[PDB]
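Asker: Protein chains in written order, with PDB author numbering: chain A, 21 to 97, 104 to 328; chain B, 167 to 240, 245 to 393, 413 to 446, 462 to 517, 536 to 593; chain C, 557 to 752; chain D, 1 to 112; chain E, 349 to 369; chain F, 72 to 89, 95 to 459.
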Amino acid sequence: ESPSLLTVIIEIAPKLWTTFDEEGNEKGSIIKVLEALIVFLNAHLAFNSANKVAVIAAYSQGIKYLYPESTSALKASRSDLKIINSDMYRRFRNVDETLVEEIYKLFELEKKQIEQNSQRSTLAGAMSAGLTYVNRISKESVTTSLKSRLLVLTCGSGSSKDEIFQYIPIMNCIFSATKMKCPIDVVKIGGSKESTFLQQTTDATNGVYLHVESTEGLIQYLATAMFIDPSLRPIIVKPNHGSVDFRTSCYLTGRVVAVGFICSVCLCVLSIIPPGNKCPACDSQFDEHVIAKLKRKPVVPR
Amino acid sequence: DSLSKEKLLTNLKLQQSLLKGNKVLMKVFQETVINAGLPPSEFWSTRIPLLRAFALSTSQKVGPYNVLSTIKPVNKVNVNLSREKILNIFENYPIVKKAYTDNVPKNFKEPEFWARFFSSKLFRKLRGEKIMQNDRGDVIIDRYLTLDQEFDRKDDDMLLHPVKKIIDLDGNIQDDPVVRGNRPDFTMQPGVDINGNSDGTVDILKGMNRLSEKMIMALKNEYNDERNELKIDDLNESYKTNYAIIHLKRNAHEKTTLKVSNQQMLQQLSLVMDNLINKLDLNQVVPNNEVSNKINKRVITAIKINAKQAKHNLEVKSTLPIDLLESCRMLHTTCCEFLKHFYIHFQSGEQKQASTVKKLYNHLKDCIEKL
Amino acid sequence: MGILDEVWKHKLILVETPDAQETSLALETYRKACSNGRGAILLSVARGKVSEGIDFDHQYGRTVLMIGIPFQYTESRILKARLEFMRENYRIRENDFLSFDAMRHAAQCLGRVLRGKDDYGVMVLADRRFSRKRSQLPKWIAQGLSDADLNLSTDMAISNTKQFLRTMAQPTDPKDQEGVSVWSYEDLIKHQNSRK
Amino acid sequence: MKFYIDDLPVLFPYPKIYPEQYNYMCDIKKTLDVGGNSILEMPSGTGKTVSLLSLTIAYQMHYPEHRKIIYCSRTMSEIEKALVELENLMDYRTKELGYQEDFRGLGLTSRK
Amino acid sequence: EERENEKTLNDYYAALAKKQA
Amino acid sequence: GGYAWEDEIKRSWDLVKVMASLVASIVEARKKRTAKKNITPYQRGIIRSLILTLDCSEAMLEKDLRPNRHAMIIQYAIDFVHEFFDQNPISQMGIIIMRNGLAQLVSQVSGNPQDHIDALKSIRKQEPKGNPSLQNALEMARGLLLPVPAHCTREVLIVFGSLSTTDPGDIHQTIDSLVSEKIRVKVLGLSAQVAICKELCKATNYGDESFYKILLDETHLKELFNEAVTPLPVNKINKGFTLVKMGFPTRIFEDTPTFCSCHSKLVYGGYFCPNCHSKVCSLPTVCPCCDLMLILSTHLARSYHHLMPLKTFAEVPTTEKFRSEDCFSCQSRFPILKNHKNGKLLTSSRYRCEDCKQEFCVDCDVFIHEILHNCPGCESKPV
Ligand SMILES: [Zn+2]
Ligand SMILES: [Zn+2]
Ligand SMILES: [Zn+2]
Ligand SMILES: [Zn+2]
Ligand SMILES: [Zn+2]
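#1: Taking the CB atoms as reference points, tell me whether residue 222(F) and residue 167(F) lie closer together than 8 Å.
#2: Mind checking who residue 677(C) pairs with in its DSSP beta bridge?
#3: Three-state secondary structure (DSSP) at residue 418(F)?
#4: State yes or no: is the beta carbon of residue 54(D) nearer than 8 Å to at least one beta carbon in chain B?
#5: What do you reckon, is the C-beta of residue 74(A) under 7 Å from a heavy atom of ligand 1?
#6: Would you mind reading off the limits of the beta strand (DSSP E) that contains residue 181(A)?
#7: Flag this pair as yes or no: are the beta carbons of residue 271(F) and residue 615(C) separated by less than 8 Å?
#8: Quick one: grab the DSSP three-state call for residue 295(F).
#9: May I ask you to report which of helix, strand or coil DSSP gives residue 181(F)?
#10: Would you check if the distance between the CB atom of residue 152(F) and the CB atom of residue 309(F) is smaller than 8 Å?
#11: Who are the neighbours of residue 322(F) on chain B, taking C-beta pairs under 8 Å?
#12: Residues of chain F with CB under 9 Å from residue 488(B), in chain order?
#13: For chain D, check one thing: does any of its Cβ atoms lie closer than 8 Å to the Cβ of residue 671(C)?
#14: May I have all residues whose beta carbon comes closer than 5 Å to any heavy atom of ligand 4, sorted in chain order?
#15: Thinking C-alpha only, which one of 179(A), 190(A), 107(A), 191(A) is nearest residue 459(B)?
#16: So if DSSP puts residue 27(A) in a beta bridge, which residue, or which two residues, is it bridged to?
#17: Using a Cβ-based criterion (distance less than 7 Å to any ligand heavy atom), does residue 81(A) qualify as near ligand 5?
#18: Any chance you could list the beta strand (DSSP E) runs of at least 3 consecutive residues sitting entirely within the segment 574–628 of chain C, in chain order?
#19: Note the first and the last residue of the continuous alpha helix (DSSP H) segment covering residue 314(A).
#20: Any beta-carbon of chain B closer than 8 Å to the one on residue 626(C)?
#21: So which residues touch the region around ligand 5, with touch meaning a C-beta under 6 Å from any heavy atom?
#22: Check whether the segment 413–432 of chain F and the segment 162–172 of chain A are in contact - that is, three or more C-beta pairs closer than 8 Å.
#23: Should residue 392(B) be labelled buried (16 or more other beta-carbon atoms within 10 Å of its own) or exposed?
#24: Tell me which residue opens and which closes the alpha helix (DSSP H) that residue 309(B) is part of.
#25: Check whether chain D comes within 8 Å of residue 350(B), counting only Cβ atoms and requiring the distance to be less than that.
#26: Taking the Cβ atom as the reference point for each residue, do residue 44(A) and residue 475(B) lie within a distance shorter than 8 Å?
#27: Whose Cβ in chain D lies nearer than 8 Å to the Cβ of residue 586(C)?
#28: Do you know whose CA, among 25(D), 34(D), 81(D), lies nearest residue 55(D)'s CA?
#29: Straight-line CA distance for residue 711(C) to residue 717(C)?
#30: For residue 29(D), which residues in the same chain have their Cβ closer than 8 Å to its Cβ, ignoring the five residues on either side in sequence?
#31: I need the straight-line Cα distance from residue 433(B) to residue 582(B), nearest angstrom please.
#32: Evaluate residue 308(A) with the Cβ neighbour count: other Cβ atoms within 10 Å of its Cβ, from every protein chain shown; 16 or more gives buried, anything less gives exposed.
#33: Alpha carbon to alpha carbon, how far is residue 102(A) from residue 462(B)?
#34: So residue 241(B) contacts chain C; which residues on that side make the cut at Cβ distance below 8 Å?
#35: Cβ of residue 356(F) versus every heavy atom of ligand 2: is any distance shorter than 7 Å?
#36: Would you mind stating whether residue 220(B) and residue 180(B) have Cβ atoms separated by less than 8 Å?
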């Protein structure tokens with residue numbers, strides 16, 4: 021009916037995938053997830069003649085657009107490497123060859139810059155870049171009624187824990203995708219069953235959350251549950267089991283918050299009254315009169 | 167004033183009128199306050215804004231205006251007199267209300283009184299129209315005319331007051347006390363008749379000035414400055430914003446309830477490199493029809509769970543009869559009201575009202591028994 | 557005829573009484589009515605007591621409706637004798653001096669409305685004879701009076717007044733007025749250095 | 001502010017001054033140096049009274065002649081307005097100089 | 349019919365006025 | 072002594088007389109970009125209690141606004157309610173109209189936008205009439221904002237259409253009372269600058285005269301309505317920094333309908349209160365059983381971007397060597413950018429960020445200023 025844009029945010033990190041390879045029995049799961057993604061993109065391009073594909077990779081030192089290529093790089097180029111066979115459909119072949127060429131270049135960049143270990147994950151910035159590209163394809167409006175859908179292929183592998191710095195950018199991406207009606211599906215490959223921020227991303231933006239433990243048979247997961255086109259979103263139910271509670275972590279203790287208190291200035295969530303009667307985030311001094319009422323013990327006769 | 171919470175709580179007539187107006191709040195009141203023994207002050211404690219809104223819906227009044235200027239005819247001519255127009259006539263013109271009190275309950279009815287007043291010279295005088303002797307007026311109303319003039323005199327008795335020297339026009343002509351210049355011509359003087367007496371057109375000017383002064387002075391109720418007036422605010426410094434600025438620290442605590465070396469990292473990367481060099485056989489993505497069964501079972505079970513949850517989600539129709547459903551609804555409503563009062567008194571933190579907390583706990587136990 | 561009845565629906569009417577005390581009460585009532593947003597109209601003589609000394613700045617002004625040119629009574633003997641005296645001695649034409657006096661009274665009543673450059677008010681002149689007397693206006697008033705406004709009708713004047721009132725209801729740009737309409741001390745020092 | 005016109009220090013009681021006010025003070029000071037009659041159409045809206053008062057008080061106190069000042073207006077209300085502006089000006093002068101100098105300013109009207 | 353309902357509310361007004369006074 | 076018809080023909084055809097036009101557009105764009113340079117992390121009151129006062133007078137029957145004034149104000153108030161509850165979920169709002177000299181409260185102060193939408197739709201049918209009363213509306217709003225807690229800011233938005241108001245009492249006493257109750261009033265006027273509205277805004281906003289806004293055309297009214305959804309920056313003298321107690325409920329799942337604690341109706345889903353285990357229909361609302369605020373993490377997340385707003389991106393110099401030929405966020409190729417014949421790469425569409433120094437096009441620049449609120453380059457930086 022209506023063509024859509026599939027923007028793929030893949031989180032390829034050499035430290036993250038090595039942990040998954042060490043935890044799993046098999047090695048080189050990057051190749052498996054890449055070929056599953058390639059078959060899924062060929063499937064999406066087969067769905068409609070006018071659909072478009074965006075692929076952005078988040079590596080350790082930054083982000084880079086896998087597909088389409090940079091316009092400076094496109095003008096500079104074309105060495106047709108034989109990673110993908112040339113006898114297939116040309117529309118699939120161009121996308122696949124461009125994707126594997128940019129995988130080659132990005133892994134050469136990672137090998138060159140392997141000495142520096144980054145403690146800052148760039149998945150949220152990659153999602154923001156994908157949202158900008160989605161707005162560009164909508165704003166450009168070359169094609170009538172292009173729709174859109176983000177698909178984030180991330181890996182936790184039981185090594186990367188919850189990242190509290192990502193919270194505000196992921197929430198901003200949620201609000202942006204809700205504004206532009208872009209569903210966000212998330213595939214997580216790793217031993218961490220629960221990813222609270224990404225589950226909130228799937229739940230709030232009418233996306234599908236899917237956690238898997240083995241990279242084998244991944245195209246069976248993608249072509250079945252992640253193939254929900256934006257044209258057929260309301261008429262197809264979503265298999266995103268394990269509903270998220272939409273809670274948040276405390277600021278000074280870190281635990282998931284029950285009934286609690288927040289700062290009226292900076293909205294930071296506190297599970298308990300902070301010491302010194304001052305906000306730990308924005309350094310606002312609290313009135314001692316009002317916090318005594320919060321500290322006031324409930325009443326019952328003797 | 168009357169808008170304080172203790173005044174709203176003790177205003178029994180206002181609560182009765184709010185009950186009389188409302189219907190959905192009646193079902194909560196009648197089944198809890200008397201049928202379940204809830205104190206009436208406790209019931210209206212949580213509905214203070216509703217009581218304030220109902221009080222302010224009728225307590226407010228319109229501003230003063232020239233009501234007689236709006237009154238105009240339309245042979246038969248008809249004019250419509252609303253009750254609010256009558257009240258505005260009484261407020262703006264106390265002389266008419268004085269004639270209303272001693273005539274309408276005594277001699278003739280109210281529409282006859284208003285028809286006599288509209289055909290009288292008093293209406294023409296109070297409307298600013300010039301008075302002529304050819305009009306008959308009305309002999310009952312016109313008896314007040316001279317008294318009305320006395321009222322006008324008494325109007326000056328609370329209108330004349332000393333003013334500031336900035337707008338002291340009296341002192342401007344009295345700055346030179348012995349001035350004896352040329353007398354101004356008749357264009358600069360009020361008009362006179364053939365006999366030299368005034369034509370009365372100056373009286374209607376004083377009439378409308380008096381009306382404006384009375385409407386302004388009616389706002390003055392319970393409902413060094415020359416330096417500030419003469420200062421040029423444009424030449425002063427522009428206003429500077431004193432808005433507070435905040436710097437937010439992002440050093441939050443991590444969430445609480462096998463590091464790879466760079467050598468094996470590079471070996472795995474090079475393994476991916478050589479696996480990308482030789483052949484990326486996409487046909488390897490096909491499952492061996494065994495793991496695909498497990499994937500299909502997992503996906504179909506998740507779909508079944510989500511579809512059974514989202515099969516069903536103005537209230538929805540119930541299988542219960544309308545007689546039993548309304549009884550369950552009202553009992554749920556009074557249980558929720560008792561629970562709200564109990565939690566308010568429990569989390570208020572005042573030890574002096576702990577007996578009310580005990581009474582609400584007994585009421586909650588009675589609600590458990592009723593359930 | 558009931559023109560004033562429609563005026564009462566919007567603004568209160570206050571008229572300059574010949575008594576200076578009642579006129580002072582009317583003037584302070586006008587000032588009170590402009591402050592609280594009730595709105596008021598103040599009718600006065602262009603050669604009267606309110607015309608001299610009393611200022612109408614900001615909300616007290618905002619519109620000076622001139623009903624005709626304030627000419628003196630020509631048939632008065634004193635005015636004719638003075639006109640003959642000025643024609644005999646100072647060679648001043650009688651019509652020229654009459655127009656001069658009338659336009660200077662009109663000019664003072666138009667100038668009563670402004671205090672500060674942030675203040676605004678329209679200056680409407682409702683007579684056919686004002687059009688030939690543009691050169692007899694003050695120089696600063698004459699710069700503001702465009703040539704297209706010399707023969708306006710009622711409706712065109714109303715539309716221009718509405719556009720003007722909508723226009724300055726916006727906040728002005730300080731950068732457009734930082735050193736051209738008002739000067740700080742540094743701007744004054746720079747201008748003094750530019751003058752030498 | 002405080003600014004100098006030739007050798008005359010002028011204490012203006014506002015932090016900003018209109019250009020027309022400064023040109024007005026320049027013309028008045030030139031006239032006072034000449035010492036003759038003059039006619040100056042200072043436009044309304046701008047600070048006609050405050051500029052006159054500030055420059056004439058600055059001329060009176062600074063110059064050794066210390067010439068007295070007569071201010072004749074047309075209405076008593078304008079006399080009071082000029083007195084208020086003069087009070088503000090000398091309050092500013094007292095604030096800037098740190099002391100209240102030997103000064104006398106009075107308005108004259110009838111007994112009424 | 350709401351007429352019997354408002355009659356019962358009027359009777360309840362009478363009962364509440366009798367009890368509160 | 073002549074006639075108008077005897078004059079020469081107007082000859083309006085002969086009066087008609089027939095690059096760097098992109099430069100002429102981009103200087104105005106740079107003036108638009110210059111007005112956005114005042115980026116400061118000013119403290120703003122997130123929890124708001126907004127009272128929208130809409131005029132419903134005879135001056136609302138004026139047809140200078142298409143198609144009449146009253147219908148457009150109601151529709152833009154509907155859009156304003158939608159935008160305000162989209163951007164300020166925790167904030168509550170009530171609607172008051174001024175009609176026939178009386179303040180009519182048409183929707184109580186509540187966090188549910190649907191009730192306010194229904195109230196505005198009901199008011200849209202009725203015909204405006206009467207002489208408006210600012211004092212009655214201010215007193216009604218003062219009565220409404222009295223039970224508002226100290227942490228929740230008290231704001232009133234008055235869409236005033238008329239030029240004069242009739243009050244039953246002294247409006248200056250009402251202004252002083254509103255100042256004493258820390259209630260901030262912003263007035264959008266339709267015809268001209270009314271002095272009492274300017275005085276009220278200046279007194280309530282601690283001397284700030286910028287809170288009295290008057291439109292110019294249709295889109296200016298849209299921009300003024302969209303400006304009021306942002307929280308007002310609070311003064312330094314305000315010391316109401318109190319901790320606010322709320323719980324985060326869990327979305328209960330059940331195939332059996334249950335009576336909600338707020339409306340006593342049969343709803344399948346709901347949110348059980350973490351404090352007292354009572355269910356509600358929608359969020360964010362107070363708990364009807366224990367008077368506790370019930371919000372989600374997203375409701376707090378919607379107002380974080382006001383607390384850390386992004387610095388506006390800087391226009392790159394023409395002579396400066398560009399990092400990338402294409403965009404960074406959306407990899408759009410920056411064009412030849414030759415506004416005139418020898419323009420070269422003049423006013424290059426790259427917008428350099430102040431931290432990551434990445435290049436963004438004008439589309440990405442206006443997209444981050446409107447929909448997103450985070451710079452992708454600042455997150456891609458390995459800090
Ligand atoms: Zn804080
Ligand atoms: Zn409910
Ligand atoms: Zn609760
Ligand atoms: Zn871009
Ligand atoms: Zn940046």
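Ideal placement from N, C-alpha and C gives every residue a C-beta, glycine not left out.
Answerer: According to the structure data:
#1: Position 146 of the sixth sequence, counted from the first residue, corresponds to residue 222(F). Position 91 of the sixth sequence, counted from the first residue, corresponds to residue 167(F). No, the Cβ-Cβ distance between residue 222(F) and residue 167(F) is not below 8 Å.
#2: Taking the third sequence and counting its residues from 1, one reaches residue 677(C) at position 121. According to DSSP, which records beta bridges pairwise, residue 677(C) is partnered with 618(C).
#3: Walking along the sixth sequence from the start, residue 418(F) turns up at place 342. Three-state result, residue 418(F): coil.
#4: Counting from one through the fourth sequence, the residue named residue 54(D) turns up at place 54. No, residue 54(D) does not count as interfacial toward chain B.
#5: The residue given as residue 74(A) occupies position 54 in the first sequence. Outside the cutoff, so no.
#6: Working through the first sequence from its first residue, we reach residue 181(A) at position 155. From DSSP, the beta strand (DSSP E) with residue 181(A) extends over 173–181.
#7: Within the sixth sequence, numbered from 1, the residue matching residue 271(F) stands at position 195. Within the third sequence, numbered from 1, the residue matching residue 615(C) stands at position 59. Contact: yes.
#8: The count along the sixth sequence starts at 1 and reaches residue 295(F) at position 219. It is helical.
#9: Your numbering for residue 181(F) matches position 105 in the sixth sequence. In this structure, residue 181(F) counts as strand in the three-state DSSP scheme.
#10: Taking the sixth sequence and counting its residues from 1, one reaches residue 152(F) at position 76. Taking the sixth sequence and counting its residues from 1, one reaches residue 309(F) at position 233. Result no, Cβ atoms of residue 152(F) and residue 309(F) do not sit closer than 8 Å.
#11: Against the sixth sequence, residue 322(F) aligns to sequence position 246. Those do not exist, as residue 322(F) stays about 13 Å from chain B at its closest Cβ, beyond 8 Å.
#12: Here residue 488(B) corresponds to residue number 284 of the second sequence, with the count starting at 1. Within 9 Å Cβ-Cβ: nothing; residue 488(B) doesn't reach chain F, min ~31 Å.
#13: Counted from its first residue, the third sequence places residue 671(C) at position 115. Yes, residue 671(C) lies at the interface with chain D (some Cβ there is under 8 Å from its Cβ).
#14: 403(F), 405(F), 406(F), 408(F), 437(F), 440(F)
#15: Since the numbering of chain B jumps from 446 to 462, residue 459(B) cannot be located in this structure.
#16: Residue mapping note: residue 27(A) aligns to position 7 of the first sequence, counting from 1. 74(A), 176(A), per the DSSP bridge assignment.
#17: Taking the first residue of the first sequence as 1, we reach residue 81(A) at position 61. Result no, Cβ not under 7 Å from ligand 5.
#18: 596–599, 618–623
#19: On the first sequence, residue 314(A) is found 288 positions in, with the first residue counted as 1. Residue 314(A) -> alpha helix (DSSP H) spans 314–320.
#20: Here the question's residue 626(C) lines up with position 70 in the third sequence. No - not a single Cβ of chain B is within 8 Å of the one on residue 626(C).
#21: 429(F), 431(F), 432(F), 434(F), 451(F), 453(F), 454(F)
#22: no
#23: Taking the second sequence and counting its residues from 1, the one referred to as residue 392(B) is at position 222. So residue 392(B) counts as exposed.
#24: What you label residue 309(B) is simply residue 139 of the second sequence in a count that begins at 1. Unbroken run through residue 309(B): none, as it is neither H nor E.
#25: Residue 350(B) sits at position 180 when you count from the first residue of the second sequence. Cβ-Cβ to chain D under 8 Å: no for residue 350(B).
#26: By 1-based counting over the first sequence, the position of residue 44(A) is 24. By 1-based counting over the second sequence, the position of residue 475(B) is 271. No, the Cβ-Cβ distance between residue 44(A) and residue 475(B) is not below 8 Å.
#27: Mapped onto the third sequence, residue 586(C) falls at position 30. Chain D residues near residue 586(C): none, gap ~15 Å exceeds 8 Å.
#28: Against the fourth sequence, residue 55(D) aligns to sequence position 55. Checking every option, the nearest Cα to that of residue 55(D) belongs to 25(D).
#29: Taking the first residue of the third sequence as position 1, residue 711(C) is located at position 155. Taking the first residue of the third sequence as position 1, residue 717(C) is located at position 161. Near 10 Å, if we compare the C-alpha coordinates of residue 717(C) and residue 711(C).
#30: Position 29 of the fourth sequence, counted from the first residue, corresponds to residue 29(D). Closer than 8 Å at the Cβ level, and outside the excluded window around residue 29(D), lie 5, 6, 8, 55, 59.
#31: Counting from 1 along the second sequence, the entry for residue 433(B) is found at position 244. Counting from 1 along the second sequence, the entry for residue 582(B) is found at position 360. About 45 Å.
#32: Indexing the first sequence from 1 puts residue 308(A) at position 282. Burial call: buried.
#33: Note on chain A: numbering goes from 97 to 104 directly, and residue 102(A) within that interval has no coordinates.
#34: Between 240 and 245 the numbering of chain B has a gap, and residue 241(B) falls inside it, with no coordinates.
#35: As a working note, residue 356(F) is residue 280 in the sixth sequence. Yes; taking the cut-off as 7 Å, the Cβ of residue 356(F) has a heavy atom of ligand 2 nearer than that.
#36: Walking along the second sequence from the start, residue 220(B) turns up at place 54. Walking along the second sequence from the start, residue 180(B) turns up at place 14. Their beta carbons are under 8 Å apart, which means residue 220(B) touches residue 180(B) by this criterion.
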